[PDB]
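Novice: My structure is in entry-v3.cif, and what it holds is mmCIF, N, CA, C and O atoms:
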data_entry
loop_
_atom_site.label_atom_id
_atom_site.label_comp_id
_atom_site.auth_asym_id
_atom_site.auth_seq_id
_atom_site.Cartn_x
_atom_site.Cartn_y
_atom_site.Cartn_z
N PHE A 1117 -12.95 -11.14 -7.20
CA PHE A 1117 -11.58 -11.14 -7.70
C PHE A 1117 -10.94 -9.80 -7.35
O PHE A 1117 -11.63 -8.78 -7.24
N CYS A 1118 -9.62 -9.82 -7.18
CA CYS A 1118 -8.85 -8.61 -6.90
C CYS A 1118 -7.86 -8.37 -8.03
O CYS A 1118 -7.16 -9.30 -8.44
N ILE A 1119 -7.82 -7.14 -8.53
CA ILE A 1119 -6.98 -6.80 -9.66
C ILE A 1119 -6.22 -5.52 -9.35
O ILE A 1119 -6.81 -4.56 -8.83
N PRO A 1120 -4.92 -5.45 -9.63
CA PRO A 1120 -4.20 -4.20 -9.43
C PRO A 1120 -4.55 -3.17 -10.49
O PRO A 1120 -4.71 -3.50 -11.67
N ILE A 1121 -4.67 -1.93 -10.06
CA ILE A 1121 -4.95 -0.84 -10.99
C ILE A 1121 -3.69 -0.54 -11.80
O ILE A 1121 -2.62 -0.30 -11.22
N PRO A 1122 -3.76 -0.54 -13.13
CA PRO A 1122 -2.56 -0.28 -13.93
C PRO A 1122 -2.02 1.12 -13.67
O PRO A 1122 -2.78 2.07 -13.51
N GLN A 1123 -0.70 1.22 -13.64
CA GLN A 1123 -0.03 2.48 -13.37
C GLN A 1123 0.70 2.97 -14.61
O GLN A 1123 0.96 2.22 -15.55
N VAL A 1124 1.03 4.27 -14.59
CA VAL A 1124 1.62 4.92 -15.75
C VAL A 1124 3.10 5.16 -15.59
O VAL A 1124 3.72 5.75 -16.48
N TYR A 1125 3.69 4.74 -14.48
CA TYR A 1125 5.11 4.94 -14.23
C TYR A 1125 5.66 3.70 -13.54
O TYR A 1125 4.91 2.99 -12.85
N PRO A 1126 6.94 3.42 -13.69
CA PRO A 1126 7.52 2.27 -12.99
C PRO A 1126 7.49 2.48 -11.49
O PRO A 1126 8.23 3.31 -10.96
N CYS A 1127 6.65 1.73 -10.81
CA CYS A 1127 6.43 1.89 -9.38
C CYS A 1127 7.08 0.75 -8.62
O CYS A 1127 7.62 -0.20 -9.21
N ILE A 1128 7.03 0.84 -7.30
CA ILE A 1128 7.54 -0.19 -6.41
C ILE A 1128 6.33 -0.83 -5.74
O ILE A 1128 5.64 -0.19 -4.95
N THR A 1129 6.09 -2.09 -6.06
CA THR A 1129 4.90 -2.79 -5.59
C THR A 1129 5.24 -3.67 -4.39
O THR A 1129 6.29 -4.31 -4.36
N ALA A 1130 4.35 -3.68 -3.41
CA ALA A 1130 4.50 -4.57 -2.28
C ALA A 1130 4.08 -5.98 -2.67
O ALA A 1130 3.19 -6.18 -3.49
N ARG A 1131 4.75 -6.97 -2.07
CA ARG A 1131 4.39 -8.35 -2.32
C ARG A 1131 3.00 -8.62 -1.76
O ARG A 1131 2.70 -8.28 -0.61
N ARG A 1132 2.14 -9.22 -2.57
CA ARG A 1132 0.75 -9.43 -2.21
C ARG A 1132 0.42 -10.91 -2.20
O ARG A 1132 1.11 -11.73 -2.82
N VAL A 1133 -0.66 -11.25 -1.50
CA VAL A 1133 -1.11 -12.62 -1.36
C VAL A 1133 -2.43 -12.76 -2.11
O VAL A 1133 -3.40 -12.07 -1.79
N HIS A 1134 -2.46 -13.66 -3.08
CA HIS A 1134 -3.66 -13.92 -3.87
C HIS A 1134 -4.00 -15.40 -3.81
O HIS A 1134 -3.12 -16.25 -3.66
N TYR A 1135 -5.27 -15.69 -3.93
CA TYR A 1135 -5.73 -17.07 -3.85
C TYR A 1135 -6.59 -17.48 -5.03
O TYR A 1135 -6.50 -18.63 -5.48
N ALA A 1136 -7.41 -16.59 -5.56
CA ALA A 1136 -8.40 -16.94 -6.56
C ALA A 1136 -7.95 -16.50 -7.94
O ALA A 1136 -7.39 -15.41 -8.10
N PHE A 1137 -8.19 -17.35 -8.93
CA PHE A 1137 -7.95 -17.02 -10.33
C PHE A 1137 -8.62 -18.09 -11.18
O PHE A 1137 -8.58 -19.27 -10.84
N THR A 1138 -9.23 -17.66 -12.27
CA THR A 1138 -10.04 -18.56 -13.07
C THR A 1138 -9.16 -19.52 -13.86
O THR A 1138 -7.93 -19.53 -13.74
N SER A 1139 -9.80 -20.33 -14.70
CA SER A 1139 -9.12 -21.33 -15.50
C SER A 1139 -9.13 -21.01 -16.99
O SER A 1139 -8.47 -21.72 -17.75
N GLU A 1140 -9.85 -19.98 -17.42
CA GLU A 1140 -9.87 -19.61 -18.83
C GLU A 1140 -9.69 -18.11 -18.99
O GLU A 1140 -9.44 -17.40 -18.02
N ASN A 1141 -9.81 -17.62 -20.22
CA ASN A 1141 -9.61 -16.20 -20.51
C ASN A 1141 -10.97 -15.52 -20.58
O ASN A 1141 -11.51 -15.24 -21.64
N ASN A 1142 -11.52 -15.23 -19.40
CA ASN A 1142 -12.78 -14.51 -19.30
C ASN A 1142 -12.50 -13.03 -19.07
O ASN A 1142 -12.75 -12.47 -18.00
N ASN A 1143 -11.97 -12.39 -20.11
CA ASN A 1143 -11.51 -11.01 -20.01
C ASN A 1143 -12.03 -10.15 -21.16
O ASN A 1143 -11.51 -9.05 -21.38
N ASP A 1144 -13.05 -10.61 -21.88
CA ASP A 1144 -13.46 -9.91 -23.09
C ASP A 1144 -14.13 -8.58 -22.81
O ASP A 1144 -14.09 -7.69 -23.67
N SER A 1145 -14.73 -8.41 -21.64
CA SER A 1145 -15.43 -7.16 -21.34
C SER A 1145 -14.48 -6.00 -21.10
O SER A 1145 -14.93 -4.85 -21.03
N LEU A 1146 -13.18 -6.26 -20.96
CA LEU A 1146 -12.23 -5.18 -20.76
C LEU A 1146 -12.05 -4.41 -22.06
O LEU A 1146 -11.76 -5.00 -23.10
N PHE A 1147 -12.21 -3.10 -22.00
CA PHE A 1147 -12.11 -2.29 -23.21
C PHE A 1147 -10.73 -1.67 -23.37
O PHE A 1147 -10.08 -1.86 -24.41
N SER A 1148 -10.26 -0.93 -22.37
CA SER A 1148 -8.97 -0.27 -22.47
C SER A 1148 -8.49 0.10 -21.08
O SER A 1148 -9.27 0.13 -20.12
N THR A 1149 -7.19 0.39 -20.98
CA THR A 1149 -6.56 0.76 -19.73
C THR A 1149 -5.73 2.02 -19.92
O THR A 1149 -5.03 2.16 -20.92
N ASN A 1150 -5.80 2.92 -18.93
CA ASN A 1150 -5.04 4.16 -18.96
C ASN A 1150 -5.30 4.93 -20.25
O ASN A 1150 -4.38 5.44 -20.89
N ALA A 1151 -6.57 5.02 -20.62
CA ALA A 1151 -6.93 5.62 -21.90
C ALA A 1151 -6.44 7.06 -21.99
O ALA A 1151 -5.97 7.50 -23.05
N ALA A 1152 -6.54 7.81 -20.90
CA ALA A 1152 -6.20 9.22 -20.92
C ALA A 1152 -4.70 9.47 -20.86
O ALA A 1152 -4.28 10.60 -21.12
N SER A 1153 -3.90 8.47 -20.54
CA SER A 1153 -2.47 8.66 -20.39
C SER A 1153 -1.75 8.31 -21.69
O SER A 1153 -2.37 7.97 -22.70
N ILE A 1154 -0.42 8.38 -21.66
CA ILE A 1154 0.36 8.10 -22.85
C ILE A 1154 0.81 6.65 -22.95
O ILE A 1154 1.09 6.18 -24.06
N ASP A 1155 0.88 5.93 -21.83
CA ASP A 1155 1.38 4.56 -21.84
C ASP A 1155 1.16 3.95 -20.47
O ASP A 1155 1.13 4.65 -19.46
N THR A 1156 1.01 2.62 -20.45
CA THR A 1156 0.86 1.87 -19.22
C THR A 1156 2.19 1.24 -18.86
O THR A 1156 2.74 0.44 -19.64
N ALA A 1157 2.72 1.58 -17.69
CA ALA A 1157 4.07 1.16 -17.34
C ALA A 1157 4.11 -0.18 -16.64
O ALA A 1157 4.94 -1.03 -16.97
N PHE A 1158 3.22 -0.41 -15.67
CA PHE A 1158 3.28 -1.60 -14.84
C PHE A 1158 2.13 -2.56 -15.09
O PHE A 1158 2.36 -3.74 -15.37
N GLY A 1159 0.89 -2.09 -14.99
CA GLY A 1159 -0.25 -2.98 -15.02
C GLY A 1159 -0.52 -3.62 -16.36
O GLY A 1159 0.34 -3.66 -17.24
N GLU A 1160 -1.74 -4.12 -16.53
CA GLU A 1160 -2.13 -4.75 -17.78
C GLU A 1160 -2.23 -3.70 -18.88
O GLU A 1160 -3.05 -2.79 -18.80
N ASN A 1161 -1.40 -3.84 -19.91
CA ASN A 1161 -1.32 -2.84 -20.97
C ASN A 1161 -2.30 -3.18 -22.09
O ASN A 1161 -1.94 -3.52 -23.21
N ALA A 1162 -3.58 -3.07 -21.75
CA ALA A 1162 -4.63 -3.29 -22.73
C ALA A 1162 -4.78 -2.07 -23.63
O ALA A 1162 -4.60 -0.93 -23.21
N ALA A 1163 -5.10 -2.33 -24.90
CA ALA A 1163 -5.31 -1.27 -25.87
C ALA A 1163 -6.54 -1.61 -26.70
O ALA A 1163 -7.01 -2.75 -26.71
N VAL A 1164 -7.07 -0.59 -27.38
CA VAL A 1164 -8.29 -0.77 -28.16
C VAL A 1164 -8.05 -1.80 -29.25
O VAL A 1164 -7.09 -1.71 -30.02
N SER A 1165 -8.93 -2.80 -29.32
CA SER A 1165 -8.77 -3.89 -30.26
C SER A 1165 -9.40 -3.52 -31.60
O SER A 1165 -10.62 -3.32 -31.66
N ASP B 77 20.15 -14.91 47.20
CA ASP B 77 20.17 -13.45 47.26
C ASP B 77 20.84 -12.86 46.02
O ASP B 77 21.75 -13.46 45.45
N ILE B 78 20.38 -11.67 45.59
CA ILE B 78 20.86 -11.02 44.38
C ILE B 78 21.18 -9.56 44.68
O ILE B 78 20.72 -8.99 45.66
N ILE B 79 21.98 -8.97 43.79
CA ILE B 79 22.34 -7.55 43.84
C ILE B 79 22.43 -7.03 42.41
O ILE B 79 22.32 -7.79 41.44
N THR B 80 22.62 -5.72 42.28
CA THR B 80 22.74 -5.10 40.95
C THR B 80 23.61 -3.85 41.09
O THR B 80 23.11 -2.79 41.50
N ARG B 81 24.88 -3.97 40.75
CA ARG B 81 25.74 -2.80 40.67
C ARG B 81 25.41 -2.04 39.38
O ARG B 81 25.57 -2.60 38.29
N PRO B 82 24.94 -0.80 39.46
CA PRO B 82 24.53 -0.09 38.24
C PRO B 82 25.70 0.16 37.31
O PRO B 82 26.84 0.36 37.74
N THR B 83 25.41 0.15 36.01
CA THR B 83 26.44 0.35 35.01
C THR B 83 26.93 1.80 35.01
O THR B 83 26.25 2.71 35.49
N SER B 84 28.12 1.99 34.47
CA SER B 84 28.71 3.32 34.43
C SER B 84 27.88 4.25 33.55
O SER B 84 27.22 3.82 32.60
N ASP B 85 27.93 5.54 33.88
CA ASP B 85 27.14 6.52 33.15
C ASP B 85 27.52 6.56 31.68
O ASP B 85 26.66 6.65 30.81
N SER B 86 28.82 6.51 31.39
CA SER B 86 29.29 6.68 30.02
C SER B 86 28.69 5.63 29.10
O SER B 86 28.07 5.96 28.08
N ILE B 87 28.85 4.36 29.45
CA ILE B 87 28.40 3.30 28.56
C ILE B 87 26.89 3.32 28.42
O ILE B 87 26.35 2.99 27.36
N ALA B 88 26.18 3.73 29.47
CA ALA B 88 24.73 3.84 29.37
C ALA B 88 24.34 4.87 28.33
O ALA B 88 23.41 4.65 27.55
N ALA B 89 25.05 6.00 28.30
CA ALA B 89 24.74 7.03 27.32
C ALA B 89 24.92 6.51 25.91
O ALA B 89 24.06 6.72 25.04
N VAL B 90 26.01 5.80 25.66
CA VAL B 90 26.25 5.26 24.33
C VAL B 90 25.16 4.28 23.95
O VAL B 90 24.60 4.34 22.85
N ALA B 91 24.84 3.36 24.86
CA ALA B 91 23.86 2.33 24.55
C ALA B 91 22.50 2.93 24.23
O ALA B 91 21.86 2.56 23.24
N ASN B 92 22.06 3.88 25.05
CA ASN B 92 20.77 4.50 24.80
C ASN B 92 20.77 5.32 23.52
O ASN B 92 19.72 5.50 22.90
N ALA B 93 21.94 5.81 23.10
CA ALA B 93 22.01 6.60 21.89
C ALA B 93 21.59 5.79 20.67
O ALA B 93 20.84 6.27 19.82
N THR B 94 22.05 4.55 20.59
CA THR B 94 21.78 3.69 19.44
C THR B 94 20.64 2.74 19.82
O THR B 94 20.86 1.73 20.48
N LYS B 95 19.43 3.08 19.39
CA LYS B 95 18.27 2.25 19.65
C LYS B 95 17.23 2.44 18.57
O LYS B 95 16.26 3.19 18.76
N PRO B 96 17.38 1.79 17.42
CA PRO B 96 16.37 1.92 16.36
C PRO B 96 15.04 1.33 16.80
O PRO B 96 14.98 0.40 17.60
N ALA B 97 13.97 1.90 16.26
CA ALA B 97 12.64 1.42 16.58
C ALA B 97 12.44 0.02 16.03
O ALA B 97 12.72 -0.25 14.86
N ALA B 98 11.95 -0.89 16.88
CA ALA B 98 11.76 -2.27 16.46
C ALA B 98 10.47 -2.48 15.68
O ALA B 98 10.32 -3.53 15.05
N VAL B 99 9.55 -1.52 15.70
CA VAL B 99 8.27 -1.64 15.01
C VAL B 99 8.05 -0.33 14.26
O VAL B 99 7.59 0.66 14.84
N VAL B 100 8.38 -0.32 12.98
CA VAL B 100 8.18 0.84 12.13
C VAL B 100 6.98 0.58 11.24
O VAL B 100 6.71 -0.56 10.85
N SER B 101 6.23 1.63 10.94
CA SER B 101 5.04 1.53 10.11
C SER B 101 5.37 2.02 8.70
O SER B 101 5.83 3.15 8.52
N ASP B 102 5.15 1.16 7.71
CA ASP B 102 5.31 1.51 6.31
C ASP B 102 4.21 0.83 5.51
O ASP B 102 3.71 -0.22 5.91
N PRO B 103 3.82 1.41 4.37
CA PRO B 103 2.69 0.85 3.62
C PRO B 103 3.00 -0.46 2.93
O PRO B 103 2.07 -1.21 2.61
N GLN B 104 4.27 -0.75 2.67
CA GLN B 104 4.66 -1.94 1.92
C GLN B 104 5.27 -2.92 2.91
O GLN B 104 6.48 -2.93 3.14
N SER B 105 4.42 -3.76 3.51
CA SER B 105 4.84 -4.56 4.64
C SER B 105 4.59 -6.05 4.50
O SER B 105 4.92 -6.79 5.43
N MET B 106 4.04 -6.51 3.38
CA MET B 106 3.80 -7.94 3.16
C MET B 106 2.91 -8.51 4.26
O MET B 106 3.32 -9.32 5.10
N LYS B 107 1.67 -8.03 4.27
CA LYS B 107 0.72 -8.46 5.28
C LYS B 107 0.28 -9.89 5.04
O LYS B 107 0.06 -10.30 3.90
N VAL B 108 0.14 -10.66 6.12
CA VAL B 108 -0.31 -12.04 6.06
C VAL B 108 -1.25 -12.29 7.22
O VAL B 108 -0.87 -12.15 8.38
N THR B 109 -2.49 -12.68 6.91
CA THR B 109 -3.48 -12.95 7.94
C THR B 109 -3.17 -14.26 8.65
O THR B 109 -2.43 -15.10 8.13
N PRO B 110 -3.72 -14.46 9.85
CA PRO B 110 -3.46 -15.71 10.58
C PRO B 110 -3.94 -16.92 9.80
O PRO B 110 -4.95 -16.88 9.09
N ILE B 111 -3.20 -18.02 9.95
CA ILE B 111 -3.56 -19.26 9.26
C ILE B 111 -4.89 -19.78 9.79
O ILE B 111 -5.77 -20.18 9.01
N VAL B 112 -5.06 -19.78 11.10
CA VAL B 112 -6.29 -20.25 11.74
C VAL B 112 -7.06 -19.04 12.24
O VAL B 112 -6.46 -18.10 12.78
N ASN B 113 -8.36 -19.06 12.04
CA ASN B 113 -9.17 -17.91 12.43
C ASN B 113 -9.19 -17.79 13.95
O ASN B 113 -9.62 -18.73 14.63
N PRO B 114 -8.75 -16.67 14.51
CA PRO B 114 -8.75 -16.53 15.97
C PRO B 114 -10.11 -16.20 16.56
O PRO B 114 -10.25 -16.21 17.78
N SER B 115 -11.11 -15.92 15.73
CA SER B 115 -12.41 -15.51 16.25
C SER B 115 -13.12 -16.67 16.92
O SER B 115 -13.42 -16.63 18.12
N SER B 116 -13.41 -17.73 16.17
CA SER B 116 -14.19 -18.84 16.66
C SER B 116 -13.29 -19.99 17.09
O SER B 116 -12.19 -20.17 16.57
N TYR B 117 -13.77 -20.76 18.06
CA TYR B 117 -13.08 -21.95 18.54
C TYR B 117 -14.04 -23.12 18.46
O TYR B 117 -15.13 -23.07 19.03
N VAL B 118 -13.63 -24.18 17.77
CA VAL B 118 -14.49 -25.31 17.45
C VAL B 118 -14.08 -26.50 18.29
O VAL B 118 -12.89 -26.84 18.37
N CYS B 119 -15.06 -27.15 18.91
CA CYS B 119 -14.82 -28.39 19.64
C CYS B 119 -14.49 -29.49 18.64
O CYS B 119 -15.35 -29.91 17.87
N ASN B 120 -13.24 -29.97 18.66
CA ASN B 120 -12.81 -30.90 17.63
C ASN B 120 -13.56 -32.22 17.65
O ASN B 120 -13.49 -32.96 16.66
N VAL B 121 -14.28 -32.54 18.72
CA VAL B 121 -14.99 -33.81 18.81
C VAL B 121 -16.47 -33.65 18.46
O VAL B 121 -17.01 -34.42 17.67
N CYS B 122 -17.14 -32.66 19.03
CA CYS B 122 -18.56 -32.46 18.78
C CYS B 122 -18.84 -31.26 17.89
O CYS B 122 -20.00 -30.90 17.70
N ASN B 123 -17.80 -30.62 17.36
CA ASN B 123 -17.92 -29.49 16.43
C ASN B 123 -18.73 -28.34 17.00
O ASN B 123 -19.22 -27.50 16.25
N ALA B 124 -18.89 -28.28 18.32
CA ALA B 124 -19.52 -27.13 18.94
C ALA B 124 -18.54 -25.97 18.95
O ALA B 124 -17.39 -26.13 19.37
N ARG B 125 -18.99 -24.81 18.50
CA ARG B 125 -18.12 -23.65 18.39
C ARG B 125 -18.37 -22.68 19.54
O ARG B 125 -19.45 -22.66 20.14
N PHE B 126 -17.36 -21.87 19.83
CA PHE B 126 -17.42 -20.93 20.94
C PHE B 126 -16.67 -19.67 20.54
O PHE B 126 -16.29 -19.49 19.38
#
As a first step, turn the structure in this file into structure tokens.
Specialist:
Amino acid sequence: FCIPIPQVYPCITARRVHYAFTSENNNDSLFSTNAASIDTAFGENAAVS
Amino acid sequence: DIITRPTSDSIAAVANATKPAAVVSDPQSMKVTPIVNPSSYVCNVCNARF
């Protein structure tokens, strides 16, 4: 699988081509994103549950 | 039979002045791979590849 790295500022993203993606929510192993920064601007804004 | 009377110097200078590059390189280019793989070629009848 290919996943974009979450960014901390509003960026300009190039249009990308994707083909694969699952059918359920198999995302439980994700802990947090941009932990060291103040906020996630573009990517998946995951936070500690 | 053919001939070619060369164009005037003035208009040539103007034309050559305005010539943007037709192939510019930038990181955000919307890349798309070929639909059919150009590497291998398959015999459509006996499926022999080359």
Novice: Atom N of residue A:1163 and atom N of residue A:1118 are how many Å apart?
Specialist: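 Interatomic distance here is 19.8 Å.
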Novice: Provide as a compact mmCIF listing (two decimals) with N, CA, C and O atoms, in the coordinates of the input the residues of chain B at most 9 Å from chain A, counting only C-alpha atoms.
Specialist:
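Written file, part_26.txt:
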# COMPACT_ATOMS: atom_id res chain seq x y z
N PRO B 103 3.82 1.41 4.37
CA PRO B 103 2.69 0.85 3.62
C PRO B 103 3.00 -0.46 2.93
O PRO B 103 2.07 -1.21 2.61
N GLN B 104 4.27 -0.75 2.67
CA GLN B 104 4.66 -1.94 1.92
C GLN B 104 5.27 -2.92 2.91
O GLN B 104 6.48 -2.93 3.14
N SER B 105 4.42 -3.76 3.51
CA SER B 105 4.84 -4.56 4.64
C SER B 105 4.59 -6.05 4.50
O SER B 105 4.92 -6.79 5.43
N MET B 106 4.04 -6.51 3.38
CA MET B 106 3.80 -7.94 3.16
C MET B 106 2.91 -8.51 4.26
O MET B 106 3.32 -9.32 5.10
N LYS B 107 1.67 -8.03 4.27
CA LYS B 107 0.72 -8.46 5.28
C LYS B 107 0.28 -9.89 5.04
O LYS B 107 0.06 -10.30 3.90
N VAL B 108 0.14 -10.66 6.12
CA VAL B 108 -0.31 -12.04 6.06
C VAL B 108 -1.25 -12.29 7.22
O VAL B 108 -0.87 -12.15 8.38
Novice: What's the separation between atom O of residue B:118 and atom C of residue A:1136, in Å to one decimal place?
Specialist: 28.7 Å
Novice: Have a look at atom O of residue A:1143 and atom O of residue A:1126 and let me know their distance in Å, one decimal.
Specialist: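 Computed distance, atom O of residue A:1143 to atom O of residue A:1126, equals 25.5 Å.
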Novice: Write out as an NGL selection string each polymer residue whose atoms come within 6 Å of residue A:1157, counting only N, CA, C and O atoms; drop sequence neighbours fewer than 5 positions from it.
Specialist: :A and (1123-1126)
Novice: Within chain B, find each residue whose DSSP state, derived from the backbone, is alpha helix (DSSP H), and express the selection as JSON, numbers by chain.
Specialist: {"B": [85, 86, 87, 88, 89, 90, 91, 92, 93]}
Novice: Point out the residue among A:1122, A:1165, A:1134, A:1127 with the least atom-to-atom distance to residue A:1146, counting all atoms listed in the file.
Specialist: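 For residue A:1146, the nearest of the candidates is A:1165.
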Novice: Here's the selection I'm unsure about, the PyMOL selection byres ((chain A and resi 1160) around 7); applied to the file above, which residues does it give, as a list in words?
Specialist: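 Selection result, ordered by chain and number: residues 1120, 1121, 1122, 1123, 1148, 1149, 1150, 1156, 1158, 1159, 1161, 1162 and 1163 of chain A.
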